[PDB]
Amino acid sequence: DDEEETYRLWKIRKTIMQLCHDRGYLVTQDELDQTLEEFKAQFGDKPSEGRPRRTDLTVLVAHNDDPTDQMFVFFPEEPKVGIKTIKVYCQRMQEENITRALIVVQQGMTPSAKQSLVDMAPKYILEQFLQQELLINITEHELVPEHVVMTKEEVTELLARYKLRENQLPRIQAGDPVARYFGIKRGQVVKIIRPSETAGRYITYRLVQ
Amino acid sequence: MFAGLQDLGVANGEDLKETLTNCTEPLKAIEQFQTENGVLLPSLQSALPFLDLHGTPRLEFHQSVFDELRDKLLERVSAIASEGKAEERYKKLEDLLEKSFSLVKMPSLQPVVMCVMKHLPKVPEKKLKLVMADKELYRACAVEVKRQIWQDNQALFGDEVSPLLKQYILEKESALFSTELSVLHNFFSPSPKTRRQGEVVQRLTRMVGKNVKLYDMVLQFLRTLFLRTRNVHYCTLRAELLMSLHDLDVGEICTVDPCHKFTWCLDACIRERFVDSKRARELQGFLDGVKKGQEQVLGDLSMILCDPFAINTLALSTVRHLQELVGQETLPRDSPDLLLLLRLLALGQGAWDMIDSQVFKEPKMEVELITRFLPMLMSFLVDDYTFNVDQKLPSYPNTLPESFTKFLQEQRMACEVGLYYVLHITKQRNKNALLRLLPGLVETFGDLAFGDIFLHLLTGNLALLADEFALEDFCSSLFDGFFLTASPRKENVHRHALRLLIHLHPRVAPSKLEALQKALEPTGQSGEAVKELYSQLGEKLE
Amino acid sequence: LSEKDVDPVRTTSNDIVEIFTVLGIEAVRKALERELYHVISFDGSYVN
Amino acid sequence: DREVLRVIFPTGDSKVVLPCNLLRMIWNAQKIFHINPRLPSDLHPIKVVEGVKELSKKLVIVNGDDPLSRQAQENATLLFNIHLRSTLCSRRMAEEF
Amino acid sequence: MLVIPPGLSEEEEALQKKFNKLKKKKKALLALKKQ
């Protein structure tokens with residue numbers, strides 16, 4: 001099909017752009033709510049081996065505050081991404097001086113490339129995303145409260161205020177869908193804001209581990 | 001003050017004084033004048049006693065009656081202009097305007113005449129010629145009346161337009177010489193729409209109105225100013241006005257402009273900041289859509305392509321497809337899209353050349369550029385890849401062949417492409433490549449490297465290199481090779497260097513900071529801008 | 001949830017493990033709250 | 001406060017569980033002091049407003065002065081503060097109590 | 001139309017030689033890292 005997969009691509013791009021905005025990167029307002037029509041006009045509306053084919057809709061966006069912090073969001077065509085297909089991405093990453101990228105796979109990316117991916121983590125931090133997940137923004141669901149990522153200074157302020165070691169906080173594991181949405185690694189604390197029926201608003205903190 | 005009342009037979013204060021000067025009894029004469037030829041109703045004269053005896057003088061309700069009957073007449077004439085038959089109501093309003101131009105000289109009734117004249121979509125010739133002779137009558141005219149004035153008055157319309165163009169040029173110059181040097185916001189950062197939504201473009205649209213002739217004359221005036229003063233912002237203003245009018249659904253202006261489709265697709269390209277293969281081939285088909293005998297369309301296309309935004313977008317596209325060719329390892333001769341991008345850049349650059357020569361043709365671009373200059377840039381990029389791989393493998397080459405320097409210092413297209421390649425390697429934050437290509441930057445053909453656009457772009461790209469600006473060798477080489485050869489002569493280069501230093505003075509080494517302070521001291525005969533920048537640097541640094 | 005013209009906001013799933021795996025840990029906490037409240041206050045009995 | 005409530009409590013459920021019964025306390029005061037809710041009262045509304053404002057500060061769940069503790073205290077008593085303001089108004093204290 | 005000769009000048013020959021050198025270094029780096 002052509003219209004259906006075009007719709008899938010448009011939805012995926014919208015979700016990715018919302019993700020980038022919530023991660024603190026500079027995303028313009030118009031590109032954050034562009035409808036299907038302008039997407040078709042800009043990219044082609046004929047992705048059945050036509051103009052709006054993948055690797056043409058990749059996006060590079062810089063941080064809001066520091067212009068030297070950018071991030072790529074690639075779009076492999078092969079349903080099963082292999083070691084070479086990510087080594088080309090790594091080389092493409094190396095020419096510029098940026099270290100963060102996102103991969104949107106279509107099917108289960110191969111485990112050997114997973115090991116290669118995790119091996120190069122300290123130099124270049126980059127992670128994958130199944131295209132099925134990105135069809136919906138989970139942070140919009142009614143069950144999901146507002147997650148906020150803390151800086152080091154406010155985490156230290158919190159620990160000093162409640163006189164508790166960081167070990168004693170509640171936990172959120174690194175594989176959590178919201179944790180992967182926010183790209184948060186081990187050792188970070190997330191502030192969670194909830195509406196409470198007995199107090200009105202309750203703020204709790206989760207530690208990534 | 002009370003002139004023009006005598007024409008209709010209703011005497012004003014002048015004839016009043018003339019008659020009462022040689023009159024012995026003013027009481028009976030004034031009573032009859034306020035009674036006989038006054039309001040011919042028993043109601044008003046019978047109301048005079050009560051209103052007199054109230055203590056409030058009758059002047060008050062007389063003036064109130066005059067003003068409110070004025071307002072009622074104006075509102076009813078407005079309604080009539082939108083009620084009944086169009087031709088009949090227009091003829092009645094024409095009669096009313098003809099009989100009100102006798103009283104047009106009355107400020108208390110000037111609103112009546114002006115509103116009724118606004119009510120007429122097309123004022124006759126003689127009445128317009130009368131009103132435009134007076135400053136306040138001309139200025140109080142409605143938008144339709146001003147449109148009628150400008151439709152057949154070329155010089156006055158140009159005089160009206162000129163200050164707006166002056167404001168546009170002043171804003172553009174202030175933005176180009178902005179102290180705030182960053183990549184987050186620059187001259188080319190804002191979208192084309194908000195620039196078209198800016199006060200200059202929308203105001204020019206309002207003065208143009210819905211007239212094709214006014215829009216064409218504005219384009220011709222911008223073209224003449226751009227040809228004479230050699231300022232390229234007029235082309236940008238023309239393109240912005242055309243696209244704003246098209247987006248305002250002014251189809252009458254869309255069809256009369258032969259470059260409508262090309263300018264629309266180019267506006268799309270500028271909005272996306274990317275001349276993609278689909279849009280590139282669309283623009284190529286537009287370029288091949290020009291017929292023989294109508295080659296002035298080619299000149300208009302070149303002028304449209306002459307915008308700094310359009311030129312920057314086309315050059316960035318050419319450079320990035322050059323890096324794509326290097327990445328896929330394709331020789332320059334095998335890329336036809338590269339040829340199309342070079343042709344578009346050639347048209348954009350030679351807009352002024354072919355307009356001044358009055359030849360409406362594509363200038364010949366030599367094959368030497370493509371065959372020889374581009375492989376040098378690709379060799380530099382391949383050496384970059386080689387150095388990176390060797391860094392990951394178990395010294396960076398900075399030698400510059402004489403051929404590349406010759407082409408850069410002799411070819412304007414090569415000059416622009418090399419300048420933007422230097423910008424692209426600067427945004428990569430690679431000191432070795434900048435030091436390697438600095439000898440090429442030392443001398444450039446056409447002095448494009450010392451232009452305001454490239455000076456601002458280079459300062460913005462170098463702003464990210466504050467850390468590297470802590471090494472005195474790098475800054476000293478970058479200044480003496482490129483900046484110091486023009487800054488004593490060209491004021492713009494000096495201003496840009498001073499602004500970059502102001503933005504990044506903490507990072508400059510103390511010896512290098514002193515050297516830049518004493519070598520770049522303001523000169524007496526230059527502008528006040530350099531003195532202001534140096535004073536600001538001195539105030540902030542200490 | 002990814003189907004066209006299906007509300008992605010209010011479409012709960014009544015299954016604890018599926019809710020957890022799809023929407024995180026705070027979402028499964030809230031879902032557990034609502035499920036327990038329903039199973040308790042079904043017969044009219046109220047628990048603080 | 002109304003805007004905050006309408007997102008805290010969707011579905012328009014007025015019933016809520018809170019520590020003190022304000023309506024019953026008002027009734028008890030009326031019966032103790034023989035208000036006679038027929039004559040005008042000597043209650044300056046500004047007294048009510050500033051009394052409520054001062055009373056809010058005295059009900060502390062999270063004690064402290066740094067911004068974290070102040071924010072936590074503001075949240076922990078948000079619903080009770082909203083309810084207390086919504087009953088001990090200036091108009092209600094003059095037209096209803 | 002522009003006259004584009006098919007003969008290779010020193011620029012294109014140098015570009016192709018650097019291409020081949022880069023390819024050799026790329027295969028060497030692939031052998032190094034893919035281990």
* To do: Compare the peptides B:306-318, A:93-105 by average per-residue count of other Cβ atoms within 10 angstrom and give them in order, highest first.
  => B:306-318, A:93-105
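Quantify how much of the Cα-Cα distance distribution of segment B:454-542 extends past 17 Å, in percent.
Numbers: 1679 of 3916 pairs.
Percent of Cα pairs beyond 17 Å in segment B:454-542: 43.
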* To do: Take the alpha-carbon centre of segment B:138-164, take the same for segment B:407-462, and report the distance between them in whole Å.
  => 45
* How many Å³ per residue does the convex hull of the Cα positions in the protein assembly as shown occupy? -> 335
* To do: Partner chain Cβ atoms within 10 Å, averaged over the residues of D:72-85 - can you pull that number for me?
  => 3
* Sum of side-chain charges, B:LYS105 neighbourhood, beta-carbon under 10 Å (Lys, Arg +1; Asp, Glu -1) -> -2
* Net charge, D:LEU79 excluded, C-beta distance under 9 Å - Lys, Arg +1, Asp, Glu -1 -> 0
* To one decimal place, what orientation-averaged projected area in nm² is obtained for the convex hull of the Cα set of segment B:256-381? -> 8.0
* To do: Calculate the tail of P(r) for chain B: the fraction of all Cα-Cα distances greater than 34 Å, expressed in %.
  => 56
* Take peptide A:127-139, look around each residue's Cβ out to 10 angstrom, count Cβ atoms belonging to other protein chains, and average those counts. => 2
* Asked: Considering every Cα-Cα pair within segment B:65-188, what fraction, in whole percent, is farther apart than 25 Å?
  -> 43
* Asked: If we restrict to alpha carbons, what Rg and Dmax does segment A:137-209 come to, in Å?
  -> 12.7, 36
* To do: Evaluate the relative contact order of segment A:1-136 (contact order divided by residue number), counting alpha-carbon pairs under 8 angstrom at least 6 apart; express in whole percent.
  => 22
* **At 0.890 mPa s and 25 °C, Stokes D of segment B:1-103 from Kirkwood alpha-carbon radius, µm² per second** => 148
* Around D:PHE97, with a cut-off of 15 angstrom between Cβ atoms, what is the net charge of the other residues, counting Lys and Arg +1 and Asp and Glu -1? -> +4
* To do: Work out the mean other chain Cβ neighbour count within 10 Å for the residues of E:17-29 and drop it here as an integer.
  => 5
* Structure fact -> In nm², the average projected area of the convex hull spanned by the Cα atoms of segment B:347-438 is 7.1
* Structure fact -> Taking the square root of 5λ for each eigenvalue of the C-alpha gyration tensor of segment A:1-136, the equivalent ellipsoid has semi-axes, largest first and in whole angstrom, of 24, 20, 12
* Asked: Can you sort B:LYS172, B:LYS531 by how many other beta carbons sit within 10 Å, fewest first?
  -> B:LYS531, B:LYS172
* Compactness of segment B:85-148 as Cα Rg over 2.2 N^0.38 Å, two decimals -> 1.02
* Structure fact -> Percent relative contact order for segment B:171-329, counting Cα pairs under 8 Å at least six residues apart, stands at 22
* With a 10 Å radius around each residue's Cβ, average the other Cβ atoms per peptide and rank A:23-36, B:221-234, D:29-42, highest first. => B:221-234, A:23-36, D:29-42
* Asked: Fewest first, what order do B:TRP352, B:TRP150 take by the number of other Cβ atoms within 10 Å?
  -> B:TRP352, B:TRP150
* **FRET efficiency, 1/(1 + (r/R0)^6) with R0 60 Å, evaluated for A:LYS123 and B:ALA3 via beta carbons** => 0.10
* Asked: What share of the DSSP beta bridges in chain A is antiparallel, in percent to the nearest 5?
  -> 60
* Structure fact -> Rounded to two decimals, the Rg over Rh value of chain D from Cα coordinates and the Kirkwood Rh reads 1.02
* **Helical contribution to [θ] at 222 nm, DSSP H n ≥ 4, -39,500 (n - 2.57), averaged over chain A, rounded to 500** => -9500 deg cm²/dmol
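Backbone-built Cβ (ideal geometry, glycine too); neighbour counts: all protein chains shown. Any read-out appearing in this document is the output of simple, stated calculations on the displayed coordinates, not a laboratory observation.
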